[PDB]
Structure formats: C-alpha cells, structure tokens
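A quick write-up on the structure given underneath.
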Amino acid sequence: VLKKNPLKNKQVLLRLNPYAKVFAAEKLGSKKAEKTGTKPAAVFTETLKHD
Amino acid sequence: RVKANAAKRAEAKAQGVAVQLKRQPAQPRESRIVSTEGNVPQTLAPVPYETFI
Amino acid sequence: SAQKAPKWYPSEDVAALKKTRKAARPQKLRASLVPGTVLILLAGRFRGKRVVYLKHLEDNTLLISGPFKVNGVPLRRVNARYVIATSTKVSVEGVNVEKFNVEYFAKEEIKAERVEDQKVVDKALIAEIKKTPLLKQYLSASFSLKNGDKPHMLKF
Amino acid sequence: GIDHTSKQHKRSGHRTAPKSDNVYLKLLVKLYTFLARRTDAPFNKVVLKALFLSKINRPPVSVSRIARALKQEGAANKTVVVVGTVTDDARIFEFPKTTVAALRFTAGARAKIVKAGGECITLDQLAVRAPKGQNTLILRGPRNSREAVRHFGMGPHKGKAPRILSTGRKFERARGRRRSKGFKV
Amino acid sequence: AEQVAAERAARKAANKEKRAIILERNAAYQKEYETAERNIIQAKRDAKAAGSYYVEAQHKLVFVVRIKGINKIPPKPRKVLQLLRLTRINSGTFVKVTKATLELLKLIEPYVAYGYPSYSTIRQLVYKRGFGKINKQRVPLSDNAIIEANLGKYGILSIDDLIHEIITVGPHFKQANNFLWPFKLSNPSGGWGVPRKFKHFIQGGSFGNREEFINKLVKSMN
Amino acid sequence: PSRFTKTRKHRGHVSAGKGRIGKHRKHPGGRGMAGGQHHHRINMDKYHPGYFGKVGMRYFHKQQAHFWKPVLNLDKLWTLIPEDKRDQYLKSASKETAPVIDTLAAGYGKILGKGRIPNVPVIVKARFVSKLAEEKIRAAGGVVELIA
RNA sequence: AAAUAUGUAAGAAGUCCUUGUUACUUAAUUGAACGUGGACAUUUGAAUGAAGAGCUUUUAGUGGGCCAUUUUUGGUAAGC
RNA sequence: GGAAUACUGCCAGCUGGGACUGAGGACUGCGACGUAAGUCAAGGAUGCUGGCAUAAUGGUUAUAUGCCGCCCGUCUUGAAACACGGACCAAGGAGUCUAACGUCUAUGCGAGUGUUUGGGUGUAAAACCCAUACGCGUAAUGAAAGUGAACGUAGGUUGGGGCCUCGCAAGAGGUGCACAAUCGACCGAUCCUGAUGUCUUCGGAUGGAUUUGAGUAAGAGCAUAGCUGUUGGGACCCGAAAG
RNA sequence: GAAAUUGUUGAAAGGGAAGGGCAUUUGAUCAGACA
Ligand SMILES: [Mg+2]
Ligand SMILES: [Mg+2]
Ligand SMILES: [Mg+2]
Ligand SMILES: [Mg+2]
Ligand SMILES: [Mg+2]
Ligand SMILES: [Mg+2]
Ligand SMILES: [Mg+2]
Ligand SMILES: [Mg+2]
Ligand SMILES: [Mg+2]
Ligand SMILES: [Mg+2]
Ligand SMILES: [Mg+2]
Ligand SMILES: [Mg+2]
Ligand SMILES: [Mg+2]
Ligand SMILES: [Mg+2]
Ligand SMILES: [Mg+2]
Ligand SMILES: [Mg+2]
Ligand SMILES: [Mg+2]
Ligand SMILES: [Mg+2]
Ligand SMILES: [Mg+2]
Ligand SMILES: [Mg+2]
Ligand SMILES: [Mg+2]
Ligand SMILES: [Mg+2]
Ligand SMILES: [Mg+2]
Ligand SMILES: [Mg+2]
Ligand SMILES: [Mg+2]
Ligand SMILES: [Mg+2]
Ligand SMILES: [Mg+2]
Ligand SMILES: [Mg+2]
Ligand SMILES: [Mg+2]
Ligand SMILES: [Mg+2]
Ligand SMILES: [Mg+2]
Ligand SMILES: [Mg+2]
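Listed below in structure tokens is the structure:
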C-alpha cells in the first residue's frame, strides 16, 4: 500500500541488497586509490601546449 | 545467408557450442589505442575570408 | 410501507484496530538546552520573564524557577519550543538534584508545603548569581524587543 | 497528458452473463463459473463461455450429427455434450446407444435415444459424472448456415442472394444479372 | 497430518540461503564495476605515457527522457516515441546504442533529452522509481522476490542483478529493460538550466545528446 | 413501449439527434423508389441488380394450382409410415407384403431422390418421379407405381 | 543525379535426400506442378514495442470548411 | 622539485530548520537487530499534555475586499457582435401510431411452426378448449417445355477449440465439432459428345467444360416480443407563391 | 388562490447598469455529546 523509498528508510535498503552493510562497514564509498606514478610522454604534453 | 547458416550449424555443434545464428545491428566501437609515433598530430585553425573571383 | 426495505444493513459489529508499529523514543533535545541555562519565555503569563533551566522531566517538559524572590516565577514547567537559551550559564551542584517531578504539580488559595520547596532550592542558587556581577538585576528584568532588533542576526 | 495508443475504457466485448433472465440458466452458470475457476479443466472453461452465447450461436445439433460424431475412431463411448438444444432427425435409422447431455432436448431426440438405450442428462448431471470434464466430446451446430447469412456481404461479383421478398422471374433478374440486359453483377 | 511444524524452516533455508547468494553476487559486481573503471583509468595513463591516446569504447547504453508534451507532433516522431515507451512528458527509458536504435534517436532528437547514464543514477532511478510490468499492472519493485518471479528465467534474481544487466547491457538486456516500466520522472528540482528548452543542447537548449550531463538532469527530476 | 425509446433520451438536446447542419427535413431524396436510375443508381446496381427491365415471357391468367407438384425425397420416404407400424415393418424385409405408401394421399406430386433408404422394399405410388429415385428404389427391391 | 518519400525480403507457410501420381511438357522419367517417408528448435534465424490478435453484423452524424510552417500555381497584390 | 587549491564527479558518509499528508483497520509477507526470549522506523500514526461539550468548530445567507467573469438560443470556417429570435409570467407546445420490412437480443417449440377466419365454452370483448385447411420452412434451377441434389466412411489438403492415450514434467501422438482457405463430387442453366435402341424422326445412355445459378453436400425454421434502422402514410411541429 | 407585477413594514447595499465564480472578514442565522 505504500512504496517506501530506499536511500531513505535504511531498513528497506536491507530488504533488497544485503551487501548494503558491507559497503558501509568497509566505507567503500570512499575507497582510497592505490597510488601509481606513470607520467605522460613528451609528445603528449608537447601537442597539448602546442599553439 | 541460410545455406551458410547451417554450414555453421554443423561444425559449431560438432566441434562445440555458441551458435549465434541471428544477425545483429552495427555495434558501437570498442576501446582502442592510437599511436602518435610516425603520426604526430597536425594542428588546425579556421581560415580567413577571401574572394578569388 | 413507506420505504419498502433496504435489503442489506451494515454490520453493527466493531472490528479491531490494526496492530500498529509506532513505538516511542525519548526526545533528542536541542543542544542549547543544558541545565543551569538562562531562558526567555515567549508564552503564558510568564511571557518575557527570564528564568533558569534545571532538569528535563520525563513528559518532555522543562523545569524552571525564577526564582521567586527575584522575578516571581515559581517552580513550573515550560514547553521546549516556547523558549530561547542564552550563551550564559550557571552552576548546578550545590543545589538539589532530584526532589521534583511530574506529580508534584498535579494538585488535590495558596498551598503551604509548596512555598517551602521553593525556598529550599531557592537559596542554594541565589548563592550562584551573586558570584557574577549584574546578574540578579538581569534576571529580575523582563525581556522585550527594542526597535530595529533583528532576531535572525542577534546572538545570545 | 498521455499520447494513448489503445482506446481508453474499452470494454472487452464478450458476454459475461447470458442476456437471459432464466432463473434456471443463471443457476447453471452459477455452477460452471465455479467449475471453471477451481478445477482449471479446459472443458469447464469452454462450457462456461458457451452458456452466454445467444440463440444464433447455440444453433441446433441434431441426433444425426451426434451419431456421426460417435463414429470418429475413439468416441463411441463418450458422454457427449451440446450446450445448445438437440434436434431429432428422421433421415438416420441406426442410432447408437449413448449418454448425451444438452441444455434443452426436443421430443424426437429423446425417443431416438432412450429407446436406443441411451441416456439424456441435463448439464449439471454431466457435471457430477465428469467434474473435470473427463471423456467428453463437445459438438457445435452449423453457425454460418442460417437464412440471414446468405445475405451478408451482398455486392457486385460476390454473388450473394439479394435481399428480396418475392422471388422468381421479373424480380431482380434483368439488368446487371444477365448480359442481354446491360451487364452481369 | 500436521505439516505445520514441518514446513516453516524448509522455506527460510531456501530463502536465507537465497539472500546469501545475492550478497555473494553484489560483491562480485562491486569489484567488477570498480576493477573496470580503474582499468580504463590506467589505460589512459598508460597510453599517455606510451605517447599514444587511449580512446574509450563508444557507450552502448543511453537514457532517454521525453521533454516535450503530447500535442502537435508529426506522425513519424510520434510513432518512434511510442516504440520507446515515451508517451508522457518527463518519462524515461533506457536504450542499447546500436545502429538500428542510433537512427531511432536521430528521428526524435527535437523531443527528448538523453545521454550516458552513470551507475550512480541507474541505482537511484531503479531504487526510487523502479517498477516492473506484470500483466500490465505497473508493479513497484520493493522486493527482489518480484524480480526473481519474472527474471529468474534469465539469471536475474535481485535488484542489483538487474542494474547489472542494464549498465553492462547483458545478453538479456531487452527482456530485462522491457520489464521496467517507463520511469515516471518529475520536472527538475533545480529547473532546466536554460531559458528555452526546445533548442538543441549544443545551442544553449535542452534536447538531444548531452552525453554525460544526462545525470545532473535526471537526479533533479528523480 | 415509449419509455424504452431513444426520443425520451434526446429530450433537452436541441436537434434531437437528427443533426444541426443537415437537419431532418421532409423528403431530401424524393419519395419512395425515386431516382433509382438517376441518383440512387449505385444503391440499386449493387443490393438489387437485375431490378430494371424485363426478362421472361408473359403468362396471361397463370393459375398456380396447375403446377402444384410438392417435392419429396428418398431422404425422408419412410416418414409416411406410423411408428406403431414402423416398429414391426423395420424387421421382415419381405418382397411379399411390402409397405405401400400413397404419396399423393400424403400431399406430394413428384418424388425426387437425395438421401438413401434401408433395403426394406416398399411400393410407392406417386404422380411423377426422378429417374434416379426410381433407379434406387428398384435397387432396394421396391417399385414406383403411378397414379393421378 | 541527390535529400525526403516509395516496392520487396529477413525462415518451421523453412532447407535438403532416395522416389510415387497425370490426359500437361520433352528426343527422353526430360521437365512441370502436386505428394508418402526420411534428415535440422537456445542465438527460431536483425532492431523496437505490443491494456493481445483475427473476424463479422448493423447503424448514426457527415458529405459549406478554415488556419499555421514548408513545398506550390494564378494574380502587382490581397485578411485573394 | 614537492605540495595545496579550483572545477567536475561518487559516497548503501554524518547532521540542523520548514511544509503537505495519516489512506488502511485482528493475523498472514520481506527483512533488520538478537545468544535467546523477543525488540524494531521492517505489507499506510501513535503517544503525552491542554482548551471545548456551548456557541470550539462548521454549514447557509447578505454585505464588503482581492483577482476573475461580454448574452443566451441559432446558422456559421468564424457571434459579445453594428447577424436572427427573445419586454415579463403562467398554462399549453414538437420523431407519434399503423402496414410491410432489415439487423440484433430475449422466449416457445423445433423439420417442423403459427390456438384467437371460424367452432366450442365461459365467472362473458377476458380466460380456456378444438377440426379442416391456409402462410412460411423442408429444393433448387431455367425465359420456358422441363429436369431435379452421395465415386467416397457425404471425399481430399492446410489450420483448428475440446476430448483420448504415452509421460513427475517439457512435450509427443490420436481424434478433431464450429470456423476459415483450397481442390474435388453432386443437381439445374448452357455448349459439346450422341451408345442400346427406333412409329426416320422420335429417344438421349455414356462421357465431358478458361461457362453459369440467390443450390446439395447428416435440414433450421416458424411464431411472439423489444430496441434500433427502412418505405408508404398529415408522418417530428408550425410556414408558401399557387392548382 | 401560484407566477409575472404592486402597496406598506423590516434588514442591507449603491462615485457612468446590474447579476455570477473562487476565497475570507463582519452581521444575521442554523447546527454540535452520556459512569
Ligand atoms: Mg489525465
Ligand atoms: Mg476521448
Ligand atoms: Mg432490348
Ligand atoms: Mg525552487
Ligand atoms: Mg523558460
Ligand atoms: Mg450532444
Ligand atoms: Mg440520429
Ligand atoms: Mg437544427
Ligand atoms: Mg442530411
Ligand atoms: Mg450541407
Ligand atoms: Mg460472427
Ligand atoms: Mg454507417
Ligand atoms: Mg445518413
Ligand atoms: Mg454513412
Ligand atoms: Mg501549427
Ligand atoms: Mg566537491
Ligand atoms: Mg550524499
Ligand atoms: Mg476583467
Ligand atoms: Mg457568413
Ligand atoms: Mg452566440
Ligand atoms: Mg462588428
Ligand atoms: Mg434568417
Ligand atoms: Mg426583437
Ligand atoms: Mg409547460
Ligand atoms: Mg412452400
Ligand atoms: Mg406537418
Ligand atoms: Mg390558395
Ligand atoms: Mg399546375
Ligand atoms: Mg378566493
Ligand atoms: Mg409575487
Ligand atoms: Mg444608505
Ligand atoms: Mg450620475
């Protein structure tokens, strides 16, 4: 008789998608990016700034 | 398209599976990498007006 | 016959209310309400009277005394939404902690025992005001809005 | 606003009760309504719908069609069910013994049946003997053979029995029906 | 017989294990989505380092919301709009971007807004306005049981299972997507961002292919 | 009955269902069959072709009784025999003692054939018969006898 | 020689195999048409959508039109 | 070289204020939390407090204030129209009935159907009962003289609801009424063929066919009644100039 | 003993017509429950 919206009513967030808890626990909405460090070839950044 | 549709239907049911017998429409391009080596981009500006008549 | 006959009659029986699932929880009073805080009343006979907040009762109300020798305000209750908290507070130990609660107000022209519990918690707190200059006079005076006071910008 | 694509509030357009106020017939449908709901046997469904049908779609089925039905290989012993009425037929002599069920039964249809050892049961009788409609053979009278039907679709070149009240020469046979008088249909 | 204290636990074990099946599944997706986005990030970084340019795969899924009412529409766009289940101002259907639909878009471009929906909004869309079609009847989802009762045949048992079929345009995208009712969207909460809607997006308008911006527009209408 | 009739429902509607533009006038097409060859031609040449002109030859003072020959078919020959005598004549398919039925005294003038008989042979005395119907009652043993 | 519009096709009413019928056909069991039996269902043979499709009877009013964009003829033009 | 920040985006991160809503009425469902009992915000509002039980509240009415609102009926592409009718009220005032018809539905009976011209009879225009015929139907088709409906299990093919059998089942088979398409057969019209025969001109077997028919091919009608539609009638009502 | 229309009495309104719609104020008026 009344569609209850998930994204509010966190209870019904759990009736469907139980993995909702794991996401919140591991935060996982702000998963930190494993740093890497490759850098662009000169040709790339040379055409970029090119007139 | 059918005489060669059964010709597929034999070897694709002898040697294995995955018929894929109906056609499908053109598909959006898949990822690809294009090199600047030997093809370093040419930069382009629009043209001023002239008459040449 | 004047209306022949209504072939059906609604069943006079009363069918049971549905099993509700709305259970309680205590108020999360706003931070501004912490006991020993001076308050401005906006309603009742005691509109405007500045007052002292003492303890949050279990029917959501608040407990205040003027006190009586200051600005005539007995031990009474005020609703948590008809009052403002200010940025000035007083002390709370060195005065009674648990004497008063709801049924004290349910009565059954003055009443003489009441006059006593007044003075009881009165003087243990009239001690605290004298410690700060210009404070009984502040609490004795009522509260009013002067011309050009804009309450959305006025801090308390 | 909605760009509708089917026409709103359309009635399904099939009967859901006979236009009859026959108290017995309304009762007959009170039964098969229940049979069609709680048994999900096809025979019950195909019989509830046929109770609504107007006279023009419960055309008679004659003892002679029946007897020829009971000559399909596998039928001879079948409680045979006609949701219209059933009509005698003096053009057949041999008539097999059978138990047949129908709405109304004409005088001469009983004579050919009970005095061939057959049975003539109403349709609620046939319900108890075949609740799920087991071992039945539904027979239907010829619909597009009434008099009105030879007039439908009338038109040039469709050759379809004009609507006429007096037949014979001098009546709608001269011009546009032979080439000596103009043309033909 | 009794069969009363002989049944209950049989159902729940079939159930309680079904939910642990889902929870296994959604985590697979969670890694699947995040591995895939992180991989296209690094591919661009690699190609830039190589001296090459990584070019992403043309999107295979768009979201189309009809932004124009129902009167004064020529007969050919009027039909297409119906074939996409877009028959009422502010309603949405997904579409697999193929040629045979690329051309359907070109024909209705003056009347719809569309672009490339993010995972974030397919989630909110289906979580909020998701409704499926069971004998007509516009049924609200509200329980993966309803989804399994109509998509279990295809390997879709949960709601996030669906969302996966959509954005991955799985091999059963059609009957999954046709299961979904057209999303009855409201008008945008912050407005349209423009004086006049019925100019193309490139011209300071609102209709047509606005690519990744289709997500700002939809969440406000959502 | 009047109450069941649409004119009670049209009360309060100005045109009464007969139209504002074209109205319900007196005789917009001509009375009767008027115009059949002119402006109702289509509705006749179609729904009534052959309406115009003469086809036959005429018969002054044609009296219909002159041609009274009601037709009877082998398909129903045994209906002229009462049931109490159908019970015992159905057996005993005897060439001697055949059932003789006088169709003219029953009300017919010609016996045509269309629908097969049992081989119980019968004497039938009629005015006229079709070649085949005799050619099949003589195939059941019986004989057609002629009367007037 | 465009664009826009337009005919047809996208399978079980299918593809093929050994061979039966006739007065038509061929020099010819040659062919023609119609068949018994036999051999092949995920992706049944593009996309999208289907408050479901096919079909019948009867009968109303109507048979003065007008406007806008674009194409357009007569007219200098026109709320022609 | 190493940082910060903007922009953009995600978060099933946390959280403050305002507004409208409370439909449903024992229980059944999906969940969450729990070690269990059980508890929950999980298939729609409950709790505490206070005023009112008369004048809270609301209805009606007149007025006033805000914004809004041309005169209805009619023909018309277009009427508020400088188009027509209409000063006001009462009462009256227009698709009727009948003959014969189409379709549809209800009903009776059913290869039949129709008692009511007439007769009988009566508690007297009712009701009730009946003989013979007569109408339509059961046969068509030719201008007519005429002839007059089974090669077949009343046929073949394709489709077919239901029923039967095999199968836990998906399905497979068998039979298949109504209905539809098609190819045959049958009767009449037509045009050919023209045997046994014979009152030499009579008789017309047999076999046919880019021809034809309001046909047969295991009958469906007849009667009453209703709505609607049809034609003749004053014919929806009022209206000529004329004869 | 209706209506049109009219006299008297009473209430009310009225800056080149009057009447109507939604909403509310004022006035007038009708309403509202049992240990
Ligand atoms: Mg609406
Ligand atoms: Mg409408
Ligand atoms: Mg002539
Ligand atoms: Mg706003
Ligand atoms: Mg604007
Ligand atoms: Mg109307
Ligand atoms: Mg009409
Ligand atoms: Mg008129
Ligand atoms: Mg007219
Ligand atoms: Mg006209
Ligand atoms: Mg029909
Ligand atoms: Mg019509
Ligand atoms: Mg007409
Ligand atoms: Mg018409
Ligand atoms: Mg326009
Ligand atoms: Mg940010
Ligand atoms: Mg957030
Ligand atoms: Mg105005
Ligand atoms: Mg005019
Ligand atoms: Mg007007
Ligand atoms: Mg004017
Ligand atoms: Mg005039
Ligand atoms: Mg006048
Ligand atoms: Mg009157
Ligand atoms: Mg007759
Ligand atoms: Mg008149
Ligand atoms: Mg005169
Ligand atoms: Mg004259
Ligand atoms: Mg008097
Ligand atoms: Mg008066
Ligand atoms: Mg005055
Ligand atoms: Mg003046």
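Residue numbers (the entry's author numbering), protein chains in the order written: chain uL4, 312 to 362; chain eL21, 108 to 160; chain eL6, 2 to 109, 129 to 176; chain eL18, 2 to 186; chain uL30, 23 to 244; chain uL15, 2 to 149. Ideal Cβ positions, reconstructed from N, Cα and C, are used throughout, including at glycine.
Item, Value
"Taking C-alpha atoms, which residue in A49 (chain uL30), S74 (chain uL30) and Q64 (chain uL30) lies nearest to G145 (chain eL21)?", "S74 (chain uL30)"
"Within the region 21-89 of chain eL18, note down every full beta strand (DSSP E) run reaching 3 residues or more, in order along the chain.", "80-83"
"State the DSSP-derived secondary structure class of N37 (chain uL30), mapped to helix, strand or coil.", "helix"
"In this structure, does DSSP put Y133 (chain uL30) in helix, strand or coil?", "helix"
"Closest Cβ-Cβ distance between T158 (chain eL21) and chain uL30: below 9 angstroms?", "no"
"Can you tell me the Cα-Cα spacing of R105 (chain eL18) and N23 (chain eL18), whole angstroms?", "13 angstroms"
"At a Cβ cut of 7 angstroms, what residues of the region 121-148 of chain eL21 count as close to chain uL30, listed as they run along the chain?", "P132, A133, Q134, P135, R136, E137, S138, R139, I140, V141, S142, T143 and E144"
"Cβ of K90 (chain uL30) versus every heavy atom of ligand 5: is any distance shorter than 8 angstroms?", "no"
"Between the region 67-77 of chain eL18 and the region 46-55 of chain eL18, do three or more beta carbon pairs fall short of 8 angstroms?", "no"
"Which partner residues of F229 (chain uL30) appear in the DSSP bridge assignment?", "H222 (chain uL30)"
"Counting Cβ pairs, one atom from each stretch, are 3 or more of them under 8 angstroms apart for the region 110-122 of chain eL18 and the region 31-42 of chain eL18?", "no"
"From the DSSP output, which residues share a beta bridge with residue 113 (chain eL6)?", "Between 109 and 129, chain eL6 has no modelled residues, which means residue 113 (chain eL6) does not appear in the coordinates."
"Please state whether DSSP places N48 (chain uL30) in a helix, a strand or coil.", "helix"
"How should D14 (chain eL6) be labelled, buried or exposed, when 16 other C-beta atoms within 10 angstroms of its C-beta is the threshold for buried?", "exposed"
"Would you mind giving the Cβ-Cβ distance between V64 (chain eL18) and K98 (chain eL18), rounded to the nearest angstrom? I have them listed as a contact below 8 angstroms.", "The pair is not a contact, with the Cβ atoms about 12 angstroms apart (cut-off 8 angstroms)."
"What does the Cβ neighbour count give for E187 (chain uL30), buried or exposed, with the cut at 16 atoms within 10 Å?", "buried"
"From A152 (chain eL21) to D362 (chain uL4), what distance separates their C-alpha atoms?", "10 angstroms"
"So, helix, strand or coil for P162 (chain uL30), using DSSP?", "strand"
"At a Cβ threshold of 9 angstroms, is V186 (chain eL18) touching chain uL15?", "yes"
"Count the C-beta pairs between the region 45-65 of chain eL6 and the region 73-82 of chain eL6 that are closer than 8 angstroms, then say yes if the count reaches three, no if not.", "yes"
"Just curious, the beta strand (DSSP E) that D103 (chain uL15) is in, first and last residue?", "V101 to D103"
"Use the C-beta contact count for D183 (chain uL30): other C-beta atoms within 10 angstroms, 16 or more gives buried, fewer gives exposed.", "buried"
"Less than 8 angstroms between the CB of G215 (chain uL30) and some heavy atom of ligand 4, yes or no?", "no"
"May I ask which residues mark the beginning and end of the alpha helix (DSSP H) holding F69 (chain eL6)?", "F69 to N72"
"How is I139 (chain eL18) classed by DSSP in three states: helix, strand or coil?", "strand"
"Determine contact between the region 108-122 of chain uL30 and the region 217-225 of chain uL30, defined as no fewer than three beta-carbon pairs at a distance below 8 angstroms.", "no"
"What did DSSP end up calling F61 (chain uL15) once you bin it into helix, strand or coil?", "coil"
"Tell me whether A79 (chain uL30) sits in a helix, a strand or coil according to DSSP, three-state version.", "coil"
"Excluding sequence positions up to five away, which residues of its chain have a Cβ less than 7 angstroms from the Cβ of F205 (chain uL30)?", "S113, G114, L147 and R151"
"Would you say the beta carbon of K126 (chain uL15) is closer than 8 angstroms to some non-hydrogen atom of ligand 3?", "no"
"Contact defined as beta carbons within less than 8 angstroms: I believe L73 (chain uL15) pairs with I112 (chain uL15). What is the distance between those atoms, to the nearest angstrom?", "5 angstroms"
"Is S93 (chain uL15) buried or exposed, if buried means 16 or more other CB atoms sit within 10 Å of its CB?", "exposed"
"Determine, using beta carbons only, whether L78 (chain uL15) and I138 (chain uL15) come nearer to each other than 9 angstroms.", "yes"
"DSSP on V52 (chain eL6), reduced to helix/strand/coil?", "strand"
"Using the beta-carbon of each residue, which ones in chain eL21 are nearer than 9 angstroms to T358 (chain uL4)?", "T143, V147, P148 and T150"
"Short of 8 angstroms Cβ to Cβ, which residues in the region 78-105 of chain uL30 face chain eL21?", "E78, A79, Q80, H81 and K82"
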